[PDB]
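In: my complex, first installment, coordinates as in the assembly:
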Amino acid sequence: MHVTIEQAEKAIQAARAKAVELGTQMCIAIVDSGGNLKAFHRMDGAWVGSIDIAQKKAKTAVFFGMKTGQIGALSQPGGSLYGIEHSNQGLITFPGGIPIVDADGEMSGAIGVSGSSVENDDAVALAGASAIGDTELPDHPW
Amino acid sequence: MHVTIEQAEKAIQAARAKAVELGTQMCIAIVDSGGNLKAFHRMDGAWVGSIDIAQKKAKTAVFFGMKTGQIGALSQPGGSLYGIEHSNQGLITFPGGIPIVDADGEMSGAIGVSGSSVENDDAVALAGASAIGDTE
């Protein structure tokens, strides 16, 4: 399965609602299981630099089937994936990207959020992904 | 996009004057609120590598509404923004970029300065931005 545009827009609206509740102005990106952009929403007032980061976060999450901050926990100096961010035209490995997982457990795309603290980004991404699916893959080696 | 070419040039001159006072040779860049280049001045003798750095600093500051070194305080190993410099075709997160903030409290652009120690870079940037507005 691929994330449909209807699903992507529902997730964007759920994410935007959580952003407004937290008092934030976010960029919200949805990509499909190929990393290709499916939908994008820059809230009024959101940081311009967050446009690229939201899309890179979604890409990173779908490229590896993992929330972005979980990759960053492995890519610190000394870590097993130090330097992974150079790959794939640039990854983002701090929180804000979350895989979207369909009913039969397959990853159909991902959401990426940027524009506030990384903790607020994660909470907004989670609200957006949870409105359309499960958000986690089991048995991940990382 | 609100910073005028008149204001950009005034900031460059206030920055150049602070640079001469500190004994430095600087590149100075002004970008608008979208990160697009508005004005640029390379003092004679400035390091060639500072041309790109000053522009990236100005871009970085306006992309996030923060002085560049304040982003670097969060992007160290173990920091919440570790790796952010890979975004946006390359950020610079040590001092030298400062938001330009108009009287309405809206950010209209940013200045970026490179060519000396990062302390002098930030002093020169601040002199320029403060000539045409607030900086936070």
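Out: Looks like it came in fine. Numbers count the residues shown, from 1 in each chain, chains lettered A, B, ... in the order given.
In: Please count neighbours and contacts with C-alpha atoms only from this point.
Out: Fine.
In: Which one of the residues in chain A is closest to chain B?
Out: residue A:49 (4.3 Å; CA to the nearest CA).
In: Look at that residue and say how many residues are nearby.
Out: 23 (other CA atoms under 10 Å in any protein chain shown).
In: go on, the one 4 residues further on?
Out: Counted with other CA under 10 Å, the neighbours of residue A:53 add up to 27.
In: same thing with residue A:63?
Out: With other CA under 10 Å as criterion, residue A:63 counts 17.
In: what's near enough to touch it?
Out: Residues near residue A:63 by CA atoms under 8 Å, 6 or more residues apart in numbering or on different chains: A:33, A:34, A:35.
In: Which phi and psi values does it adopt?
Out: Main-chain dihedrals, residue A:63, degrees, to the nearest 10: phi -70, psi -20.
In: Repeat that for residue A:38.
Out: Torsion angles, degrees, to the nearest 10, at residue A:38: phi -110, psi -40.
In: swap in residue A:90?
Out: Per degrees, to the nearest 10, the backbone of residue A:90 is at phi 110, psi 110.
In: Quick check, it in contact with residue A:55.
Out: No. Residue A:90 is beyond contact range of residue A:55, at 10.7 Å (criterion: CA atoms under 8 Å).
In: which of these two has more neighbours?
Out: A side-by-side neighbour count of residue A:90 and residue A:55, using other CA under 10 Å, places residue A:55 first with 28 against 22.
In: now for chain C, put it on the one above:
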Amino acid sequence: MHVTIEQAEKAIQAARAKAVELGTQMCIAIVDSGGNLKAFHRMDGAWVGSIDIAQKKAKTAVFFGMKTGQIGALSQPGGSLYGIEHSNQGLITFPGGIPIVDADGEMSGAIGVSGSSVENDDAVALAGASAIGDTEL
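Out: Chain C added:
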């Protein structure tokens, strides 16, 4: 003294068989001694992100004649090669790239593997490289 396509495909099928034995889904790249792509195989279900990583690992290994993780051991903060990953359109310096060394001890190419833990990546790369030659200069 360049890996042939028959050797590249032998190395890919050996790496793939090791991958399955370990329960993994890998991307496996073979490059030549110039770093140019020779063969590629993305196993069904492999991480999309591992496509680029497997190729960069093979390139990195052949660009310096050593296993990728040995470079990473030197490119930590404070290490002699800190920042090397910015060169060559991007290196990968965690395990999974191994050089392919001919009979007379000359490097003819490299293998790169991505898609699981880095230790599983190295194990699968070694199975692939060892099937067609030596693995060290």
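In: same question on the neighbour count of residue A:63, but now with chain C added
Out: Neighbours of residue A:63 (other CA under 10 Å): 23.
In: same deal with the one 10 residues further on?
Out: Residues lying near residue A:73 (other CA under 10 Å) number 16.
In: list the contacts for it?
Out: Counted by CA under 8 Å, 6+ apart, residue A:73 has contacts residue A:79.
In: Quick check: residue A:89 vs chain C, distance?
Out: Per CA to the nearest CA, to the nearest Å, residue A:89 is found 9 Å from chain C.
In: do residue A:22 as well
Out: 32 Å.
In: I'd say that residue and residue A:119 touch.
Out: No. Applying CA under 8 Å, one finds residue A:22 not in contact with residue A:119, separated by 10.8 Å.
In: Setting aside sequence neighbours, what's the nearest residue to residue A:2?
Out: Leaving aside its sequence neighbours, residue A:2 sits nearest to residue A:108 (CA to CA, 6 or more residues apart in numbering or on different chains; 4.5 Å).
In: looking at chain A, which residue ends up farthest from its center?
Out: Within chain A, residue A:78 marks the point farthest from the mean C-alpha position, 25.3 Å out by CA atoms, centre = their mean.
In: Report the buried residues of stretch A:109-122.
Out: Using 16 or more other CA atoms under 10 Å in any protein chain shown as the test for burial, stretch A:109-122 gives A:109, A:110, A:111, A:112, A:113, A:114, A:115, A:116, A:118, A:120, A:121, A:122.
In: got the contact list for the first one?
Out: When the contact criterion is CA under 8 Å, 6+ apart, the partners of residue A:109 are A:2, A:3, A:30, A:31, A:32, A:33, A:34, A:35, A:62, A:99, A:100, A:101.
In: build in chain D:
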Amino acid sequence: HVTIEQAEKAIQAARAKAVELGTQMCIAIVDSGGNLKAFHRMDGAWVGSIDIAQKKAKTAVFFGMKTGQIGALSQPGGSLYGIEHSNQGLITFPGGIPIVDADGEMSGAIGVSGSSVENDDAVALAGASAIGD
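Out: With chain D added, the chains above now look like this:
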């Protein structure tokens, strides 16, 4: 600006030092704008050192410093952390040195890659010392 006569003399001095040390190096010369003036890849040198030698030469001339002097400042917690993202990629470990003319004006830089960074720096110094300070 460094002349091609000077660039080639620096490459030959660097090459001779590299052979003395048993190394196979890539040697690059750039002008004061960072544009390539000469390049020499010794037989058997690491293919990856082609790009690194050139980025080292560019880095040294872009800031008027030896490359490793910049890396000393760009560690975590250092004042230049992240600088390598600039200028399409810098190299900040040893092997790049400025070429400075009789007066203290920088005319170019040399960049060397292909061995340990210490050997890289010794070979670079031999080349740059052959034609100036």
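In: The contacts of residue A:63 again, this time with chain D added?
Out: A:33, A:34, A:35, C:47, C:48, C:49, C:50 are the contacts of residue A:63 under CA under 8 Å, 6+ apart.
In: what do you get for residue A:5?
Out: Neighbour list for residue A:5: A:38, A:39 [criterion: CA under 8 Å, 6+ apart].
In: Pairing partners for the residue nearest to residue A:30 when sequence neighbours are not counted in the sheet, please.
Out: With CA to CA, 6+ apart as the criterion, residue A:30 has its nearest non-adjacent residue at 4.6 Å, and that residue is residue A:111. Going by DSSP bridges, residue A:111 is paired in beta bridges with residue A:30, residue A:98.
In: what's near enough to touch residue A:111?
Out: Residues near residue A:111 by CA under 8 Å, 6+ apart: A:28-31, A:57-58, A:61, A:97-100, A:125, A:128-129.
In: do the same with residue A:11
Out: A:127, A:128, A:129, A:130, A:131, A:132.
In: what's the burial count for the third one?
Out: As a burial measure, the neighbour count of residue A:129 was computed by other CA under 10 Å and equals 29.
In: Once you drop chain neighbours, what's closest to the residue farthest from the centre of chain A?
Out: Closest to residue A:78 by CA to CA, 6+ apart is residue C:76, at 6.8 Å.
In: Not counting stretch A:124-142 itself, show me its contacts.
Out: A:7, A:10-16, A:18-19, A:28, A:65-66, A:70-71, A:74, A:96-103, A:105-107, A:110-113, C:116-117.
In: hmm, try it at 7 Å
Out: Applying CA atoms under 7 Å, 6 or more residues apart in numbering or on different chains, the external contacts of stretch A:124-142 come out as A:7, A:11-12, A:14-15, A:18-19, A:65, A:96-103, A:111-113, C:116-117.
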